[PDB]
């Protein structure tokens, strides 16, 4: 309803810049909520963000503009705090979902093994990061050298790329799943399905939980948004 939310522009285009691309609402350059200049690493993302602004009807709906939202985060929070963010994501290497297997029932333990072992194998091979796997509640600490190797893989990403990595790691609760998505080993819908092997297994055996399903659907959409953002920024 806010007057400030009303669309007043006719066309939306893009244009180069001394440092990245820009999106234009008529002749007026798009700025970040923080008044800072919005510069995008690629034309692909610029054009995609322009479609979001061309799609505005009467009033701006931020929920409908996931790319703009992530671009703002990259410029405003991730680029300036790259080191602290790469560290926080890297930390998941020591509490990775794939390293914790159920104790029971057996059919669940086998399900996890079949879906996850291949990803643990990939991480040991491609990232030279074999994780220690635990069964049950008592956490096994990871090899300090492996944690250094995984944190280093994260640190080597560009800022926009680190921003996309964020949700791919935190939502499923796994750094391996997040890196597998951006490295092209699996896509986001597969990463999502692998993370919920236990949830899916229990639902099929003991009954669906509507709230859990709603929350899972939300995580999947956010993971697909992060994946899109990663590809657009390459």
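Positions refer to the first chain, counted from 1.
Just going by the entry, 215-223 versus 20-28 on mean CA temperature factor gives the higher value to 20-28. Stretch comparison (31-39 versus 164-172) by mean CA B-factor in the PDB entry places 31-39 on top.
Comparing C-alpha B-factors across 96, 106, 117, 143 in the deposited entry, the largest value falls on 143. When the Cα B-factors of 147, 133, 138, 111 are read from the PDB record, 138 comes out highest. Per the deposited record, the Cα B-factor of residue 209 falls in the middle third when ranked against the other modelled residues of its chain. Sorting the modelled residues of the chain by their CA temperature factor places residue 182 in the middle third. When the CA B factors of the chain's modelled residues are split into thirds, the value for residue 123 lands in the lowest one.
In the deposited entry, the Cα temperature factor of residue 59 sits in the top third of values across the chain's modelled residues.
Compared with the other modelled residues of the chain, the Cα B-factor recorded for residue 228 ranks in the lowest third.
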